[PDB]
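Just dropping in an experimental structure and the matching sequence.
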Amino acid sequence: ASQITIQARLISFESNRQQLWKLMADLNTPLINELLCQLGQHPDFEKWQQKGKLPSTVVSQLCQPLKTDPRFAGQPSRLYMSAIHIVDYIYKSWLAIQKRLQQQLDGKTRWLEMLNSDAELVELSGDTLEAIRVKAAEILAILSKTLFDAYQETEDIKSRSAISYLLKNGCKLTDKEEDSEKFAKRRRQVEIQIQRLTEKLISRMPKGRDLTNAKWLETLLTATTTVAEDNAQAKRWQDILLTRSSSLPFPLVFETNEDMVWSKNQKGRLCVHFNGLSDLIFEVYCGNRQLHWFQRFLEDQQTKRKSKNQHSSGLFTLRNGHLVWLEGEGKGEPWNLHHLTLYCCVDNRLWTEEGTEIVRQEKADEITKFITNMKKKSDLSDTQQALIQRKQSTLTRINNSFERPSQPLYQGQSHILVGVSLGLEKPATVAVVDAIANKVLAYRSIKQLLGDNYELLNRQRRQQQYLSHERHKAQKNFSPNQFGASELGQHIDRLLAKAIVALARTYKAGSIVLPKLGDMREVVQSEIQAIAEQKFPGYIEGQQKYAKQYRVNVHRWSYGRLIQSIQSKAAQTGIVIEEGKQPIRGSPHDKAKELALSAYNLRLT
Amino acid sequence: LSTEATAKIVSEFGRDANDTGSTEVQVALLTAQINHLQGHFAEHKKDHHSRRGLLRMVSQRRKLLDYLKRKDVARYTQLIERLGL
RNA sequence: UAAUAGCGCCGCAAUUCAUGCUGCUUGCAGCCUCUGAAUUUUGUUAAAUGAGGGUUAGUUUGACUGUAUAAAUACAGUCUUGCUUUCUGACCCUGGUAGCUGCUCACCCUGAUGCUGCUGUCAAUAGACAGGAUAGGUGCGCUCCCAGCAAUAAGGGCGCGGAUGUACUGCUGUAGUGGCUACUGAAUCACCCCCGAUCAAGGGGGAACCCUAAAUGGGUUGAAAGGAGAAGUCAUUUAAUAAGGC
DNA sequence: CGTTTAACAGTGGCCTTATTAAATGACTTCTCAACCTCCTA
DNA sequence: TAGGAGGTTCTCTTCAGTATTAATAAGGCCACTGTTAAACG
């Protein structure tokens, strides 16, 4: 999995774009809105929320009677498919971030029940804490998942108290019979995490997009002309009147690569037309850096044509493509203001012939497993047999190789690992360490990786404060000049990713190790709240202003973006990314060294 | 709101010679401003700095109407009929 | 006149180290000359930072083939398209005319993440004119400090009217400060100038340097990076509402 | 030789809180079809 | 034939969450009493 998106503007006539804008902003986005609303009020909805899997076909079932509707009719089939796919993905996400949140809440409740002090454990067990300690050592002799299973499995007060004592230290036997206030703060922190997860689980339903803003305009008339009767209704009117009038239709996900048919203009320019809309021809305006992808698209489609469809589109360097509208600055009709943009998702691994072989092996394994899975059932539907036929068709067609560039992949020395330490102040720090002999081959810092570019790092912090102030000075004036250094941060993290992967290449690394951070901006919020609740007992504003800057620094600390960028570059290059635990205490260099060493140690089994 | 308009609306919602600030007059002023602003909001859909003002005027008029309703329902009804709210 | 003091950032040092340098003694010895790392430690006659607003389908980072090269990388050949961003420059500006509209002010006191702070000329009014990014303070900035204003933070005081059943109002001139739309002023660029397109388009004319004796002969006249869409959530701030919310 | 002004140091009081919306910066999740059939030219 | 528009359907097996091992990094003024250390008749 090394999917990356390239983009290109699409240029055509004013009418060719009026057709698309009318056909999406007026018929496709309303279809997505109605599909979302219907998905919400479906009777099985609360069942889906219990799982993370919305059923495979439900969204299409609510769409089949919707295609013939008076206000949703007059669309290509592969665009009803776009709407179905968008809504299905929205609710495939929304049922996976609420199921895992519920799992976290359940686990945190179990841990809150787990947590007892030394005195509390003594009074519950009815024995001296020394017996608790001895039995806890005994049970540690007989990871944490096993202990939680043991606790949830037994009903004895003594054994369960032993589990509690063990997991209080984290499968450790610490004999420092002190710091009861520390336990009080820890229990307070766990309770705050419980409260925050509960506050999260009451989430808004997927909104959808209202381009017409009919509700806004109607509510303005209701609020001005009439008078509300209670506060709870005037508040709803106010909330509606302040909502954001979105003005961009949903994209068009074309999950089939061939739905975009490519051609060469009489001027040599590349051109696209999509399945269902062939009278609409769009001319590709890319940049030369992205030219080879589009030329590969045209060459691959022509190569499939010239073999009488003996070649499997499915090894195409194109996987799918969104067809979005950007936002333009100025005035005029929307088709003349917003720039149509094609976002093609390409499997970079397929560019080389050698990587194409890897992709071929992956697909030929997964799809023959699919064939075996369908061959056990005896239902033998007709379209099910059509699917079975297509699977063997892809099997047969996959062994016909297109002519692609050749690069002998990347032979990686398994010993030499790369450990990356992230931090609030040192965004990254890399240690190239050989595992056979623990001596680090090399160290680099945030000034070494950003060489000649290190000035950016300071300029990121110098102005992200400045912009943070400028926004504040413009909000009170209600000017739209709210700017932020998100692009600068993204550029800096991309530079770091390139530097780290280049360093791994130079020393012939066999892996890259990144820490598993977990919920990092939440644990610090909980800890700061717990500390401020004693530092400020009854003053909530004081509990908030306490460690404000530290918390906002954590929240804007983009560990996830940096990890994703490094993962993208390593996958593009072939470095096998692993994971480890960042040591809690230590210098960044030692942190990275021990991180990579631990990753190597755990990998061995 | 223009001074001439305020004087005219005070006189035309007047209860006597000197009643500026009577709940009827305050509701009349707020209603006049909101009625002028609704067209501006039909046209300029980006002027949020006026959106906050509109919300404030709506809430002020709502409070005034509730107060006058609790005090004197008769005056409340005749007022809400005069303004057609 | 004042910017004291604090905080953050750079540099300049000093020290100790190595991820450095040296040496083979190949993991040890020394050294801080470069490169860095960690402190503290000063703001030098200075080093490096540096935050008023804008302007290019700008340039470079590119693909394939072959060679040397294990590879990077270099060279040679063929192709080239303008996407989205980050810098570095260069250049322009410190806006006008109309409308629509928000807020805030009886009068005080304290004073906010409040506003203002450039050069010169004329005034020395409160404003024009020319210039202008060096723009109050410290090497550079701040929500910090100074200075003035402070109604547009919040709090307290407090006069007269109307209301006074819990809501609250007027003392208010476009007066100050904001927002929106429409037409307009300049840059519309990447060595310079001109004509042109900008859902498309480039064309031409010069300069300097190198090669070349010289030939618009040919070349050069700043660099980088890309995984996007959708949906939620967190945080900060702002504003309205509420007196809990259910 | 005792002493009385500067110079820090610890203490007590104050400080409101929630909901929706927006802007920004982040985070999390999901996705990243492929061959076939038919119907016109 | 050859383009162009529609059809179609499941994966994998499910089912993952709960631990720590610190320490960062805590208020900001306003006003007061209390100590404390150094210069001086």
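Cool, the structure landed. Residues are numbered from 1 along each chain as shown, chains lettered A, B, ... in the order given.

Tell me how many other residues crowd residue A:580.
Number of residues near residue A:580 (other Cβ atoms under 10 Å in any protein chain shown) recorded here: 23. In short, each C-beta sits where N, CA and C put it, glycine included.

does it really touch residue A:513, like I thought?
Yes: the pair residue A:580 / residue A:513 is scored as a contact, 5.1 Å apart, by Cβ atoms under 8 Å.

Can you work out which residues contact both of the two?
Common neighbours of residue A:580 and residue A:513, using Cβ atoms under 8 Å, 6 or more residues apart in numbering or on different chains, are A:419, A:595, A:596, A:599.

Pull out the buried members of these.
By neighbour count, with 16 or more other Cβ atoms under 10 Å in any protein chain shown, these hold A:419, A:595, A:596, A:599 as buried.

Select the longest helix from chain B.
Taking DSSP state H as the criterion, chain B has its longest helix at helix B:48-71.

and it, does that touch RNA strand C?
Yes: residues of helix B:48-71 contacting RNA strand C under Cβ under 7 Å from any atom of the strand: B:48-50, B:52-57, B:59-60, B:62-64, B:66-68, B:70-71.

list the helices and strands that helix packs on?
Where contact means 3 or more Cβ pairs under 8 Å, 6 or more residues apart in numbering or on different chains; DSSP states H and E, helix B:48-71 is packed against helix A:214-225, helix A:231-241, helix B:23-43, helix B:73-83.

Can I get the buried ones among the shared contacts of residue A:580 and residue A:513 in JSON lines including secondary structure and distance to RNA strand C?
What follows is those, written out as JSON lines (DSSP: H, G, I helix; E, B strand; the rest coil; distance: Cβ to the nearest atom of the strand, whole Å):
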{"residue": "A:419", "secondary structure": "strand", "distance to RNA strand C": "13"}
{"residue": "A:595", "secondary structure": "helix", "distance to RNA strand C": "16"}
{"residue": "A:596", "secondary structure": "helix", "distance to RNA strand C": "14"}
{"residue": "A:599", "secondary structure": "helix", "distance to RNA strand C": "20"}
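
What is the burial count for whatever residue of chain A ends up closest to RNA strand C?
RNA strand C sits closest to residue A:287 of chain A, with a gap of 2.1 Å, by Cβ to the nearest atom of the strand. Look at residue A:287: counted by other Cβ under 10 Å, it has 10 neighbours.

List the residues that contact the residue in chain B that chain A sits nearest to.
For chain B and chain A, the shortest gap (Cβ to the nearest Cβ) falls at residue B:49, measuring 3.9 Å. Residue B:49 makes contact with A:477, A:478 under the criterion Cβ under 8 Å, 6+ apart.

how far away is it from residue A:473?
The gap separating residue B:49 from residue A:473 is 15 Å, by Cβ to Cβ, to the nearest Å.

ditto for residue A:141
According to Cβ to Cβ, residue A:141 stands 63 Å off from residue A:473.

and if you look at residue A:501?
With Cβ to Cβ as the criterion, residue A:501 and residue A:473 are 40 Å apart.

And for residue A:455?
From residue A:455 over to residue A:473 the distance is 26 Å, taken as Cβ to Cβ.

name the element the closest residue to residue A:100 other than its chain neighbours belongs to?
Nearest residue to residue A:100, sequence neighbours excluded (Cβ to Cβ, 6 or more residues apart in numbering or on different chains): residue A:52, at 7.3 Å. Here residue A:52, judged by DSSP states H and E, is contained in no helix and no strand.

To what extent is residue A:52 buried, counted in neighbours?
Residue A:52 has 17 neighbouring residues, counting by other Cβ under 10 Å.

show me the contacts for residue 62.
Answering for chain A, as no chain was given. Neighbouring residues of residue A:62 by Cβ under 8 Å, 6+ apart: A:35, A:38, A:39, A:42.

Switch to chain B, please.
Contacts of residue B:62 were listed using Cβ under 8 Å, 6+ apart, and they are A:227, A:228, A:234.

Mind giving me the packing neighbours of the strand or helix carrying residue A:460?
Secondary structure assigned from DSSP H and E places residue A:460 in helix A:454-475. For helix A:454-475, the elements it packs on are helix A:446-449, helix A:486-506, judged by 3+ Cβ pairs under 8 Å, 6+ apart.

Need the residues that contact the last one.
Right, helix A:486-506. With contacts defined as Cβ under 8 Å, 6+ apart, helix A:486-506 is touched by A:410, A:418, A:420, A:427-428, A:430, A:432, A:442, A:444, A:449-451, A:453, A:456-457, A:459-460, A:463-464, A:509, A:512, A:558, A:561-562, A:565-566, A:568-570, A:573, A:575.

now swap in the first one and tell me
Contacts with helix A:446-449, where a contact means Cβ under 8 Å, 6+ apart, come from A:426, A:427, A:428, A:429, A:430, A:454, A:457, A:495, A:496, A:499, A:500, A:503.

Among the residues you listed, which pair sits farthest apart?
With Cβ to Cβ as the measure, no two of the contacts of helix A:446-449 lie farther apart than A:457 and A:503, at 17.3 Å.

Show me what from the stretch 451-600 of chain A comes close to chain B.
Contacts of the stretch 451-600 of chain A with chain B, taken as Cβ under 8 Å from any Cβ of the partner chain, map to A:477, A:478, A:480.

How about stretch A:325-341 and RNA strand C, touching?
Yes: applying Cβ under 7 Å from any atom of the strand, one finds stretch A:325-341 in contact with RNA strand C at A:326, A:328, A:331, A:335, A:336, A:337, A:338, A:339, A:340, A:341.

Drop anything exposed from the residues you listed.
Buried by 16+ other Cβ under 10 Å: A:335, A:337, A:338, A:340, A:341, out of the residues of stretch A:325-341 next to RNA strand C.

contacting residues for the third one?
By Cβ under 8 Å, 6+ apart, the residues touching residue A:338 are A:248, A:325, A:326, A:327, A:328.

Distance to residue A:309 and secondary structure added to those residues, as a markdown table?
Shown next, in a markdown table, are the contacts of residue A:338 (distance: Cβ to Cβ, whole Å; DSSP: H, G, I helix; E, B strand; the rest coil):
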| residue | distance to residue A:309 | secondary structure |
| --- | --- | --- |
| A:248 | 37 | coil |
| A:325 | 33 | strand |
| A:326 | 35 | coil |
| A:327 | 40 | coil |
| A:328 | 40 | coil |
